[PDB]
Amino acid sequence: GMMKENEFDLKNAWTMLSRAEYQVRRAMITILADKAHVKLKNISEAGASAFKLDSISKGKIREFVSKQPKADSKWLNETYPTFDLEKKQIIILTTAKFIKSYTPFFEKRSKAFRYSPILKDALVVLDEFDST
Amino acid sequence: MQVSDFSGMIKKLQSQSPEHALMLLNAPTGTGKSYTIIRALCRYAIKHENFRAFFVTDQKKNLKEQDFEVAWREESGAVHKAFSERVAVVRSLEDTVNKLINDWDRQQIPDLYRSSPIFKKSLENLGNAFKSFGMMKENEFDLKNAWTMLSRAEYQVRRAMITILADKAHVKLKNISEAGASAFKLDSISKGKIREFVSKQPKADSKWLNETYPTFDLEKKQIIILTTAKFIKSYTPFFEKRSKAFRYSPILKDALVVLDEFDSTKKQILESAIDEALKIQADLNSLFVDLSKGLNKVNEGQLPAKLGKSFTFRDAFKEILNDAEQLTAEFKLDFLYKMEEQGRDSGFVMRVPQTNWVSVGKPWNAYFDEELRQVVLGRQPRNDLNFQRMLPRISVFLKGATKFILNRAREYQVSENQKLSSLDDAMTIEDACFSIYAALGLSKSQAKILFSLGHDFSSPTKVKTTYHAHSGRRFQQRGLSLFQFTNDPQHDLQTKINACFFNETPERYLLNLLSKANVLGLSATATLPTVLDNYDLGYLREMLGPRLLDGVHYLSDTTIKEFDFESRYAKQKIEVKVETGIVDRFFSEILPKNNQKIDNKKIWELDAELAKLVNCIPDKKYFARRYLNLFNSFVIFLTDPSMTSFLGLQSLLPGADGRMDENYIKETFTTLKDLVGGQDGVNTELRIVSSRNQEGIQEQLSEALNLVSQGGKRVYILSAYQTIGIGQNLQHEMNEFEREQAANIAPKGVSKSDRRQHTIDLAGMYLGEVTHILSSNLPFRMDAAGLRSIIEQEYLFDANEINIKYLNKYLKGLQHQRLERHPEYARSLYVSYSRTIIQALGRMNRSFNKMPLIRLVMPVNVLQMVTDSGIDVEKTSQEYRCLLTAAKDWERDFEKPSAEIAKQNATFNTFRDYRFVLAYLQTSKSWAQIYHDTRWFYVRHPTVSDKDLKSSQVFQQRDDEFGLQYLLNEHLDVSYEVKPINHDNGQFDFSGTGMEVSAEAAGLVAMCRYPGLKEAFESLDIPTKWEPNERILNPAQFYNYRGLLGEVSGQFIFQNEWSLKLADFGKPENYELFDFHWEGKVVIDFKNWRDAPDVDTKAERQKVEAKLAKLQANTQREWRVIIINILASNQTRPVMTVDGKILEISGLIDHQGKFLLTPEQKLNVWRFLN
DNA sequence: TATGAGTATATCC
DNA sequence: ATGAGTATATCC
DNA sequence: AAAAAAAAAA
Ligand SMILES: Nc1ncnc2c1ncn2[C@@H]1O[C@H](COP(=O)(O)OP(=O)(O)O)[C@@H](O)[C@H]1O
């Protein structure tokens, strides 16, 4: 926020903010991993930077948070919609975000909305069509 | 020591204009080293207007800006130059920004930039950027981006200043730059006008501009003061956006570089080198393919004639193209390498001059899947491409090709600089190399990695037949390489082999610097023998010879006699007392157990507090000893009506963690002060001099010592070795107590105006453990710590301090995360420990007044670790000598294990050289000549004098000691005995008994007993007996020696007896397969061995039949083969295989030199010969 | 030689 | 899968 | 007409 004046250095500040947010996400990932008994070690040792997982481990995490109490799972889903995007029936966003990418949970490289399979057969409602 | 001595040193160094010698000076601290070098540099700069010098030191607290200003003021006599246009201080970007902000806050900007609104806005933006940079200093990933933002802000400030100066000089900036924005590319004339204007400007304005921006006119600066870290990196010129490296700048040509912390610089340089090596990585396959493609474009004349006509006329170019084609065909590098992972970590592969290394055990294999049209890489047993051979071969090719391209780029730069009229915008060697690489079609990253394989180092010119630079240290010559395999979904079709090469050790950087500038190295420990915290002086002297000068040759003997202190200390009855701390667990052991017992409870909750603090650490039982040693030290401090100044140095700075907790130490000190010492401790205080405080170390030290000089107190200064352990002044002005208590040791013939006559040195020092001599990081990954670890071990191996056994054990431990103990008899470890201790003890030798009794307190480990091996204790401080006399109970012997390790390492290196040369001689022609020459050198004289070995056609032609690693005979013996451990790996033990190297296996016995054989030896100039001389062959060399001797003798006797003339082969790709041939019918192989053991018949037959089969496929004939032995002890029996194609004869002549081949045998010989 | 004449919004690199 | 116990400096 | 140095196996 201190460096929102110039745009040339906005890229670097955005990069630092993204790295910090990714660290927060990694902390949450390892918390849920130790709370779900999942072999975080596979990642945590073979992935002490990249931190990749497999489908079954994230599925176990998702089904654990599914049966979790209402309040905490509610906060997690509200703040991190990308935690499980293939279950969201409605996705509300700005067109500036729609053109750009979204950063999935359990991952660091962002994925563009344009090529993602989530748009296939979806219905896109442009609330101000001409202004878009 | 007088300034005339350093003037003589400087003028001697400047007389080496085309050679650029290196001069080193050992002088104990507190002798004038830094006082007089500054005066000498200033005086020489004033007298000679074309003299340029650099003053380099590791820590900016040792830059001595004020000392340079004072010396310049007192040296200039008539003109009185403002010292800002002659002497410059090149600060980092952060320090420049800090000075700018401070000047802005103190109204010190000279009202010309202040009045402008553009400048003010730029300064406000710079202040915000500096605040952000300070906030983001925690994570090093954000450090790069914060630094980039700060650099952009500083550049905007510079642009504002440029516009302000341009309009005042009527320069059309915009027109010179660009009506638009990003530009400001001014011509030489405009900036010349600007420089003229500031030259005629009022003095205050010019002084501020020149101090803040020394790079405003960098050519006028005669002395340039900067840190080692800044010297390694680049400086940003004024008027420009891109920074220019000091390394390739024309500012260094014929300059004099004064490294005031040689040898402390090496580590810094090393660290920087490691970081740079990790920044630059590229896919090896694509890099090689692109370079090959570019070179082929050069061949077909598709590049401008300027470089094309210089590439093509050299035979090395044709050879490089041929090697590129052969390597592309051999390793299938045209195709994609795909490495299938199911998710398991791949680790990485290391290549060190001794071996390959895989971090996950199973070696990597690669074959060509023809159906897939890919190269499958993985852990499968199938290895049809020799991947572990592919990785280093491509690296060797890249290194050689890049050296060729560097030579061509040097030629191109020299030719292009002729065209330029104003030699102010000349292109550097780096620019020429980048232009060549870009013209070849390589990317910018590929150009960076190819250029870093060797940085503009191409040697001199056949040394003009002066001195032969030779070295047997393999790590300095080959470096090391790292490879990691990466799979990404965005390049799903292939696996990237990211490569990381480390070649520029600090010694190589220093040699490259010496290729263009004189270097003067100054410290009290400049020549301590150690390769961990000092340059490899052995390697430096090997590669420099006469160019490695000595400084003490330019001092009067009075100064050297003044270096002594054991006489002056005795004459004034100064007594040094070493107190070692035998403390393990609890605090009653440090309290004075004399019968003034206060309470048996208060110390118990003191122990409880200590245990509580230790337990709250996120190993224990060791931090307690550190705390107790420190507490014992300042108990000793608190119980003496003396010792007005005490310094306690550790290897750790007090902070927030429990392992060394700051406020806990403070409260412990206060409790001990009110618990021990009634009137002794009331006048005491504690100061923690640290970089974590909100003010510079200079004022912290100044106020801590003013507490004693003026406050009438007794201070305990606690800090770390890395903070104020080197080159820091800790003396203070005396008080009445010190005046009436201290003693003076000033030599007869010293002035009263000297500051050393009005100050008093420290009266006591606590020497904590020096902890980080060798790395201990455990998770071994491809990062800075792992590289530092591997490089330290390679340095130890080069200096003959660890053998291949210990290195293999260490690597195996690293594969398992089970690091081994430090080597017990590695001299460098103890010498580095001693170096830190010596530097620490030099901080209390900066004055002539000393307290009558000095107390040095340290734990027992410091006593056990220090040593005197290669350290001239005669010219060291008396405190260190007393410490050594106290530590004499643990003195080690390093000469013996070093000698045997040197023998083992020389043998191992010879064996590795020969393992390489056979495989390469497979497909070479000249290296056959080198191998022939080396073997004949072996047999012409097994024992050779040192000068005779150094001056030879085989030693003067190779630039290293390939195959020529002779042992050392301290007794000039003619024989020795060695027990082989693993002859497959070339490992030998020179204390065991399993084989004899002497003339008994030579022609002396059982070989000269043949008619005409001794005549053949005397005709071929092969001595019959090993004459006692200096150096003797090693077991790896003795193998080839006896093999060639047996070859000659057996072929001679075979020709004498069977009366047949054999012929040699003439096809290059089938060398080292069979010794000779016979009439296109037979291939003949000769052997020299002991009595026949229970040798593995099947492996020998498999190998000989494999070479036979490849010769069958190549010669288009069916061939026989003969295996022949020269000496035996029983009945000879030539046994053939059932088919009858292979002959095996064991022993030709007996031990009496007469053959054992009867008429029957003979005839069979004829029958097999046909 | 020749005109038209802002403020504001949002996200990744 | 134990041996051993850090601070200093500066460009991308 | 000044490119280097490339065993297996652990
Ligand atoms: N004529 C002199 N010769 C040498 N040192 C002097 C002289 N006059 C004063 N000094 C002081 O003596 C001290 C010796 O330290 P110095 O020589 O700078 O470091 P070193 O002895 O490590 O080279 C310095 O602090 C310097 O200011």
# chains A, B, ... in the order shown; residues from 1 in each chain; ligands from 1
call {"tool": "residues_around", "arguments": {"residues": "segment 2-11 of chain C", "least_positions_apart": "3", "cutoff": "7 Å", "atoms": "only C-alpha atoms (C1' of nucleotides)", "output": "list in words"}}
result
residues 96, 97 and 100 of chain A
call {"tool": "write_last_selection", "arguments": {"atoms": "N, CA, C and O atoms", "output": "PDB file, in the first residue's frame"}}
result
ATOM      1  N   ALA A  96     -12.512  -7.393 -14.758  1.00  0.00           N
ATOM      2  CA  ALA A  96     -11.059  -7.295 -14.703  1.00  0.00           C
ATOM      3  C   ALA A  96     -10.437  -8.567 -14.148  1.00  0.00           C
ATOM      4  O   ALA A  96      -9.343  -8.953 -14.568  1.00  0.00           O
ATOM      5  N   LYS A  97     -11.105  -9.219 -13.199  1.00  0.00           N
ATOM      6  CA  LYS A  97     -10.661 -10.526 -12.738  1.00  0.00           C
ATOM      7  C   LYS A  97     -11.014 -11.627 -13.725  1.00  0.00           C
ATOM      8  O   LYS A  97     -10.238 -12.570 -13.895  1.00  0.00           O
ATOM      9  N   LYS A 100      -8.442 -11.969 -16.333  1.00  0.00           N
ATOM     10  CA  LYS A 100      -7.183 -12.446 -15.782  1.00  0.00           C
ATOM     11  C   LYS A 100      -7.354 -13.861 -15.233  1.00  0.00           C
ATOM     12  O   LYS A 100      -8.292 -14.583 -15.576  1.00  0.00           O
TER      13      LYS A 100
END
call {"tool": "residues_around", "arguments": {"residues": "residue 714 of chain B", "least_positions_apart": "3", "cutoff": "8 Å", "atoms": "only C-alpha atoms (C1' of nucleotides)", "output": "CSV table (one decimal) with C-alpha atoms, in the first residue's frame"}}
result
chain,number,residue,atom,x,y,z
B,643,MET,CA,40.9,-4.1,34.4
B,644,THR,CA,39.2,-0.8,33.6
B,645,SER,CA,38.3,-2.1,30.1
B,646,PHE,CA,37.3,-5.7,29.3
B,683,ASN,CA,32.3,1.3,39.5
B,684,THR,CA,31.4,-1.2,36.7
B,685,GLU,CA,29.0,-1.3,33.7
B,707,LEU,CA,32.5,5.6,30.3
B,708,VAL,CA,36.0,4.7,31.3
call {"tool": "select_by_dssp", "arguments": {"residues": "chain A", "states": "helix (DSSP H, G or I)", "output": "ChimeraX atom specification"}}
result
/A:10-35,40-45,55-67,70-79,81-83,85-87,95-99,117-119
call {"tool": "residues_around", "arguments": {"residues": "segment 3-6 of chain E", "least_positions_apart": "3", "cutoff": "8 Å", "atoms": "only C-alpha atoms (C1' of nucleotides)", "output": "mmCIF file with N, CA and C atoms, in the first residue's frame"}}
result
data_model
loop_
_atom_site.group_PDB
_atom_site.id
_atom_site.type_symbol
_atom_site.label_atom_id
_atom_site.label_comp_id
_atom_site.auth_asym_id
_atom_site.auth_seq_id
_atom_site.Cartn_x
_atom_site.Cartn_y
_atom_site.Cartn_z
ATOM 1 N N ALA B 316 41.488 -25.082 -34.553
ATOM 2 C CA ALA B 316 40.678 -25.350 -33.374
ATOM 3 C C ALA B 316 39.196 -25.213 -33.679
ATOM 4 N N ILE B 320 36.517 -28.088 -32.998
ATOM 5 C CA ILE B 320 35.336 -27.852 -32.171
ATOM 6 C C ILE B 320 34.080 -28.300 -32.902
ATOM 7 N N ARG B 389 28.289 -40.487 -18.224
ATOM 8 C CA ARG B 389 29.352 -39.975 -19.072
ATOM 9 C C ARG B 389 28.904 -38.774 -19.889
ATOM 10 N N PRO B 392 29.309 -34.955 -17.862
ATOM 11 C CA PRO B 392 30.559 -34.187 -17.807
ATOM 12 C C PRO B 392 31.173 -33.907 -19.168
ATOM 13 N N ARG B 393 30.918 -34.771 -20.149
ATOM 14 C CA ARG B 393 31.508 -34.574 -21.468
ATOM 15 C C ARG B 393 30.976 -33.310 -22.131
ATOM 16 N N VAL B 396 32.568 -30.316 -20.453
ATOM 17 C CA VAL B 396 33.936 -30.077 -20.905
ATOM 18 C C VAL B 396 33.930 -29.417 -22.277
ATOM 19 N N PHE B 397 33.087 -29.920 -23.180
ATOM 20 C CA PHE B 397 32.990 -29.303 -24.496
ATOM 21 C C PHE B 397 32.558 -27.851 -24.388
ATOM 22 N N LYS B 399 32.944 -25.766 -21.869
ATOM 23 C CA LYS B 399 34.010 -24.946 -21.307
ATOM 24 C C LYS B 399 35.057 -24.618 -22.362
ATOM 25 N N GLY B 400 35.469 -25.618 -23.137
ATOM 26 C CA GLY B 400 36.463 -25.362 -24.166
ATOM 27 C C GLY B 400 35.962 -24.446 -25.266
ATOM 28 N N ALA B 401 34.738 -24.684 -25.741
ATOM 29 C CA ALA B 401 34.185 -23.854 -26.804
ATOM 30 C C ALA B 401 34.008 -22.417 -26.343
ATOM 31 N N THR B 402 33.598 -22.224 -25.090
ATOM 32 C CA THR B 402 33.467 -20.873 -24.565
ATOM 33 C C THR B 402 34.820 -20.195 -24.434
ATOM 34 N N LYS B 403 35.873 -20.944 -24.102
ATOM 35 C CA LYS B 403 37.194 -20.320 -24.092
ATOM 36 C C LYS B 403 37.611 -19.879 -25.489
ATOM 37 N N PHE B 404 37.344 -20.711 -26.496
ATOM 38 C CA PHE B 404 37.639 -20.316 -27.870
ATOM 39 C C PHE B 404 36.877 -19.052 -28.251
ATOM 40 N N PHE B 916 41.341 -41.161 -17.177
ATOM 41 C CA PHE B 916 40.869 -40.293 -18.251
ATOM 42 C C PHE B 916 41.618 -40.535 -19.552
ATOM 43 N N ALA B 919 40.667 -43.569 -21.818
ATOM 44 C CA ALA B 919 39.371 -43.432 -22.470
ATOM 45 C C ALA B 919 39.412 -42.383 -23.572
ATOM 46 N N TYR B 920 40.177 -41.307 -23.375
ATOM 47 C CA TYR B 920 40.266 -40.302 -24.431
ATOM 48 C C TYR B 920 41.182 -40.750 -25.563
#
call {"tool": "residues_near_ligand", "arguments": {"ligand": "ligand 1", "cutoff": "9 Å", "atoms": "only C-alpha atoms (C1' of nucleotides) and all ligand atoms", "output": "short mmCIF file (atom, residue, chain, number, x, y, z; two decimals) with N, CA, C and O atoms, in the first residue's frame"}}
result
data_model
loop_
_atom_site.label_atom_id
_atom_site.label_comp_id
_atom_site.auth_asym_id
_atom_site.auth_seq_id
_atom_site.Cartn_x
_atom_site.Cartn_y
_atom_site.Cartn_z
N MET B 1 57.12 2.03 11.86
CA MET B 1 57.49 1.87 10.45
C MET B 1 57.14 3.12 9.66
O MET B 1 56.06 3.69 9.81
N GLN B 2 58.08 3.56 8.83
CA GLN B 2 57.97 4.85 8.16
C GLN B 2 57.12 4.74 6.89
O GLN B 2 56.94 3.66 6.32
N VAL B 3 56.61 5.89 6.46
CA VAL B 3 55.84 5.96 5.22
C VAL B 3 56.72 5.74 4.01
O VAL B 3 56.23 5.35 2.94
N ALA B 27 52.49 -7.90 9.22
CA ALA B 27 52.95 -7.04 10.30
C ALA B 27 51.94 -7.13 11.42
O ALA B 27 50.73 -7.07 11.18
N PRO B 28 52.38 -7.31 12.66
CA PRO B 28 51.42 -7.43 13.77
C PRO B 28 50.61 -6.15 13.91
O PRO B 28 51.07 -5.06 13.58
N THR B 29 49.40 -6.29 14.42
CA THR B 29 48.54 -5.13 14.59
C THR B 29 49.19 -4.12 15.52
O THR B 29 50.02 -4.48 16.34
N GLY B 30 48.82 -2.86 15.38
CA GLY B 30 49.41 -1.82 16.19
C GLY B 30 50.83 -1.54 15.79
O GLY B 30 51.68 -1.33 16.65
N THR B 31 51.11 -1.53 14.50
CA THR B 31 52.45 -1.22 14.02
C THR B 31 52.47 -0.09 12.99
O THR B 31 53.55 0.41 12.66
N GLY B 32 51.32 0.30 12.47
CA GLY B 32 51.27 1.38 11.49
C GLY B 32 50.78 0.94 10.13
O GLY B 32 50.61 1.77 9.25
N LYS B 33 50.52 -0.34 9.95
CA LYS B 33 50.09 -0.89 8.67
C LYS B 33 49.08 0.03 8.04
O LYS B 33 49.26 0.46 6.91
N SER B 34 48.01 0.35 8.75
CA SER B 34 46.97 1.17 8.15
C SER B 34 47.23 2.65 8.28
O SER B 34 46.76 3.42 7.44
N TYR B 35 47.95 3.08 9.31
CA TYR B 35 48.28 4.49 9.43
C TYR B 35 49.18 4.95 8.29
O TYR B 35 48.96 6.01 7.70
N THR B 36 50.19 4.15 7.96
CA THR B 36 51.18 4.59 6.98
C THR B 36 50.80 4.26 5.55
O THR B 36 51.24 4.96 4.63
N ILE B 37 50.01 3.21 5.31
CA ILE B 37 49.60 2.94 3.93
C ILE B 37 48.72 4.06 3.40
O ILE B 37 48.81 4.43 2.23
N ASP B 67 40.36 8.90 8.18
CA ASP B 67 41.81 8.80 8.14
C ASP B 67 42.35 9.23 6.78
O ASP B 67 43.36 9.93 6.71
N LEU B 522 47.48 -6.67 2.85
CA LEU B 522 47.92 -6.25 4.17
C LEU B 522 47.06 -6.89 5.24
O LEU B 522 45.83 -6.81 5.18
N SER B 523 47.70 -7.53 6.22
CA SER B 523 47.06 -7.95 7.46
C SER B 523 48.13 -8.58 8.34
O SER B 523 49.25 -8.84 7.89
N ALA B 524 47.78 -8.81 9.60
CA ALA B 524 48.66 -9.51 10.51
C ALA B 524 48.66 -11.01 10.28
O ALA B 524 49.53 -11.71 10.82
N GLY B 727 40.46 -5.52 13.05
CA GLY B 727 40.81 -4.16 12.70
C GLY B 727 40.02 -3.08 13.38
O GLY B 727 39.76 -2.04 12.77
N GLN B 728 39.63 -3.28 14.63
CA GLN B 728 38.85 -2.29 15.36
C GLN B 728 39.68 -1.71 16.50
O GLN B 728 40.42 -2.43 17.17
N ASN B 729 39.54 -0.41 16.71
CA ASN B 729 40.25 0.29 17.78
C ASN B 729 39.42 0.24 19.05
O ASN B 729 38.27 0.67 19.07
N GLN B 731 41.19 0.94 22.28
CA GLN B 731 41.87 1.68 23.33
C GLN B 731 41.08 2.93 23.69
O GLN B 731 40.14 3.33 23.00
N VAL B 750 60.54 7.45 19.93
CA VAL B 750 59.17 7.73 19.53
C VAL B 750 58.78 9.11 20.06
O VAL B 750 59.24 9.55 21.11
N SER B 751 57.94 9.80 19.29
CA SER B 751 57.51 11.14 19.63
C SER B 751 56.46 11.12 20.74
O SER B 751 55.83 10.10 21.02
N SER B 753 53.86 13.21 20.55
CA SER B 753 52.60 13.58 19.91
C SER B 753 51.85 12.37 19.37
O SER B 753 50.73 12.53 18.88
N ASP B 754 52.43 11.18 19.45
CA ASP B 754 51.74 9.98 19.00
C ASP B 754 50.55 9.70 19.91
O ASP B 754 50.63 9.84 21.13
N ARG B 755 49.43 9.30 19.30
CA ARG B 755 48.24 8.98 20.08
C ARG B 755 48.45 7.75 20.94
O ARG B 755 47.86 7.64 22.01
N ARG B 756 49.29 6.82 20.49
CA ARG B 756 49.55 5.60 21.24
C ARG B 756 50.23 5.87 22.57
O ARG B 756 50.27 4.98 23.42
N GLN B 757 50.79 7.06 22.77
CA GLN B 757 51.40 7.43 24.04
C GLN B 757 50.42 8.04 25.02
O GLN B 757 50.77 8.24 26.19
N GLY B 842 44.60 -9.19 18.84
CA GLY B 842 45.20 -7.97 18.36
C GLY B 842 44.42 -6.71 18.70
O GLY B 842 44.96 -5.62 18.54
N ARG B 843 43.18 -6.84 19.16
CA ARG B 843 42.38 -5.68 19.52
C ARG B 843 42.82 -5.04 20.83
O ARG B 843 42.35 -3.95 21.15
N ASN B 845 46.18 -4.50 21.46
CA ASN B 845 47.56 -4.14 21.19
C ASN B 845 47.64 -2.91 20.31
O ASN B 845 48.40 -2.87 19.34
N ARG B 846 46.86 -1.88 20.63
CA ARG B 846 46.82 -0.66 19.84
C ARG B 846 47.29 0.55 20.64
O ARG B 846 46.88 1.67 20.37
N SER B 847 48.16 0.33 21.63
CA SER B 847 48.61 1.43 22.47
C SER B 847 49.94 1.07 23.11
O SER B 847 50.37 -0.09 23.09
#
call {"tool": "interface_residues", "arguments": {"of": "chain B", "to": "chain D", "cutoff": "6 Å", "atoms": "only C-alpha atoms (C1' of nucleotides)", "output": "ChimeraX atom specification"}}
result
/B:229,722,816,818
call {"tool": "write_last_selection", "arguments": {"atoms": "C-alpha atoms", "output": "PDB file, in the first residue's frame"}}
result
ATOM      1  CA  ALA B 229      31.396  -6.760  -1.804  1.00  0.00           C
ATOM      2  CA  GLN B 722      32.449 -10.970  13.171  1.00  0.00           C
ATOM      3  CA  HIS B 816      22.018 -40.048   4.212  1.00  0.00           C
ATOM      4  CA  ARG B 818      24.486 -38.192   8.592  1.00  0.00           C
TER       5      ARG B 818
END
